[PDB]
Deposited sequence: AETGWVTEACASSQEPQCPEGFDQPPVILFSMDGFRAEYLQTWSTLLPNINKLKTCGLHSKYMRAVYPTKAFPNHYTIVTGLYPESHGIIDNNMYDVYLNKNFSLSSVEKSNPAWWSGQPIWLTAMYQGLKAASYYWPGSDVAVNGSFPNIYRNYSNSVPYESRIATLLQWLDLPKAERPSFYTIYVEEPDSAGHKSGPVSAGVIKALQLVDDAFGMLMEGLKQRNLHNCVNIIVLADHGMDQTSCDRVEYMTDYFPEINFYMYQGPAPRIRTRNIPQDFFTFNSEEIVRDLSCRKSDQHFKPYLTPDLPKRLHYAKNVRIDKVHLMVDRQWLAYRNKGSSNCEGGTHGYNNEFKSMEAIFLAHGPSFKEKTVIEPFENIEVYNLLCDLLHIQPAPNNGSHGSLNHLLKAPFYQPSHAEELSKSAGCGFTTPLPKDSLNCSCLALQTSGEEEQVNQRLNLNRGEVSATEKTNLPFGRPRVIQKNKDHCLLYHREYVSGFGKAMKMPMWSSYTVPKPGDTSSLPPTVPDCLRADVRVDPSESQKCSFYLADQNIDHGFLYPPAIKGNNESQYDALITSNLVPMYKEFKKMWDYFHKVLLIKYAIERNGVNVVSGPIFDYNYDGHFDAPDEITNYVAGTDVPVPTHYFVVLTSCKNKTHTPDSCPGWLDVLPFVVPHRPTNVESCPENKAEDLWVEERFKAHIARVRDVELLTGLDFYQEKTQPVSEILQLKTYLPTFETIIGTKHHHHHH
């Protein structure tokens, strides 16, 4: 097989069997550098399909990741948030060394073997976390109780024996797990002779499987996926942070290593009463060269989706590349994993071979949460509710099983039409510059003016409202278009295409002390300038920056009540710096940039837009809700020769989900100019368009002339730097 050229199901095989092969700790880099040393995996890389890398879930550990691959769920939803965890309600400790690993109470969701079994198919497993557990009261048709020393040849032979079974007994889905190159990675690090030997050993295991399949004439019949749970990075005992250096006495329990959690020792009693906010405060900006950052789980970057679970302790530590965090100075040599999934070293491999996959294809990176829907498509079965975007992986398949469709809008735009240029209520707003209010006629756009602003500022169409009974209206202006939320008295979204900046030297500033009522929106559905007088902590901010487009006359279209959003004074410093300096820099690099911004409400930190009853903070003595986050989605043309409003091909996206916090403690900006921490803070809160979509109840790019499957690739894309 290994010498045979790049190449078909035999009698009794109506549907192609699926084999999911996991090579633990096989980082993406190992394939990029050492593939030519691995002849069997290199043939699979040459002939089959493979991604540049597959993104794992945080923490980049075995059990949360392996269970994510087979469920399509984030650890917070499937329950396995770590290898070591504590549940207060169950009052039990989970570990790989305890019998609690086999307790079905910890395992939520529906793994692929169960999905296949519930839909008339048989499933076998030669090791996989959860497969030796009675998840939802059931085990796979054939399974093996985990035994790490069983030779690879014996595991392969048993799997080939399962494929030799008669059609009635023979399973359609198979899982197989191998401990290497992870074990070698821990011993001597990712760049060692030990990992080379381990990589050659896993190549022999894959070689035995392919040769075994060739013997049965199944090598071009079986749809095989070879992947990893996470990557590997080098550790050092000179790269360890100690909690003794920050606390005089440690009375708390700590889950040590690359993804730390802090909780009380007195469990279950003090679990909820434990001052989690005190610990994060006592660890924030303590040392200038601090190699970790403390966080309360709702404050963690939203793209991680690591907060909505009792097992996820409120205190979390984000550890820097190649560093570790422990209780005391009392392992640390070689290598480990568990770090941020965005780190290059934490990236996993993904290779596919078989009749359902595209031959000799290199695909762009994607997330392991998408594998579940792909496995369902290969097995011709319906997926259970998960976090993958069904259809985003169709570009991997020769003939896709599922055809995705645009999300249907649940609420239509109504009202806010121009009637009179004279406001019925001033809303306690003042603009001494005026005077006449003839600038209100600039808000009265004709049919051709609406079409001109729709073509420029909504080039991919308006974001659709995927919310029931959401009373809203669209507001058209020469420089921007917005979707105003009537009940919350603020826009849900604001869209505008910034053209390529010329001068940049002396740009006009924002017109000060000028704010007035919007004649198009009802006074009862509008924000008042007097609302921001009573509250001292929160002030008003502009969603669309008035001075970014046009002249002085253009600024008046944005200096209205409908462009106001509740903003913390410290947050406004980041927001105004981004729109004045960073946004112009991005518009130069991208040859113009389309911007869609708006508020996010996620008080229950579940990654979904809040229902009105879920909002727990408002502008003092008003019903105006305070956003938990602010989104900024930047869209430009992939081909930089075109502007965002005249882009025929693919698009390039850069979304941000920035926490709306009263302090900038996360950036540690004491005695530091904004050019040293604002960009770093925005970059730390980069997310996918899909993340923005879930947090807002909006759907983007529905008017882009491209198939839904290609648009889903753009929506699941995570920009990296």
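Residues 1-4, 12-16, 340-341, 447-450, 737-749 of the deposited sequence have no C-alpha coordinates in the model.
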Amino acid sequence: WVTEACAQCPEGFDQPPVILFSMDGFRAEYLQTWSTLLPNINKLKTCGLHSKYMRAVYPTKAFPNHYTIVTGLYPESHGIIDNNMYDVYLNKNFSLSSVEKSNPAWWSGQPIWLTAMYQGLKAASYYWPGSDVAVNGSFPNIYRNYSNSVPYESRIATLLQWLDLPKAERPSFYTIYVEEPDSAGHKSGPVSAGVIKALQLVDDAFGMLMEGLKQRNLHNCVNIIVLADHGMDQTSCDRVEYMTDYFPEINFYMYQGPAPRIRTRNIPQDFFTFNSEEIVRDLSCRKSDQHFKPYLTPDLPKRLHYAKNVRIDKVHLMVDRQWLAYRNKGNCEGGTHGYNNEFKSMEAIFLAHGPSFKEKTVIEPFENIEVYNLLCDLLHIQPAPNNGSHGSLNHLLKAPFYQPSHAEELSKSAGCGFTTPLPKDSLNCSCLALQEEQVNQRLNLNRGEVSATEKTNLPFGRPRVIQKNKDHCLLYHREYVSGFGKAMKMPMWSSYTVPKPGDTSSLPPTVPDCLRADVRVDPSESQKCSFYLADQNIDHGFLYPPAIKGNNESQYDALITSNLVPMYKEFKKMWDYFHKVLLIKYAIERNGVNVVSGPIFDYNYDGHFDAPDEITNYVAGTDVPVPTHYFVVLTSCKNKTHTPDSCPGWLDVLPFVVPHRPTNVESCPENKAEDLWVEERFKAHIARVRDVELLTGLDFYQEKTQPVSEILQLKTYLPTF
From here on, numbers count along this sequence of modelled residues.
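Higher mean CA B-factor, judged across 418-426 and 92-100 from the recorded values: 418-426. When the C-alpha B-factors of 409-417 and 359-367 are averaged, 409-417 comes out higher.
Each of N328, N394, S147, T628 has a CA temperature factor in the record; the biggest one is found at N328. By the numbers in the PDB entry, the CA B factor is greatest at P10 among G25, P17, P10, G697. Annotation for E693: CA B-factor lies in the lowest third of the chain's modelled residues. Sorting the modelled residues of the chain by their CA temperature factor places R681 in the middle third. Among all modelled residues in its chain, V315 ranks in the middle third by Cα B-factor.
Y152: CA B factor lies in the lowest third for its chain, per the PDB record. Per the PDB record, residue ranking by Cα B-factor puts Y556 in the highest third of the chain.
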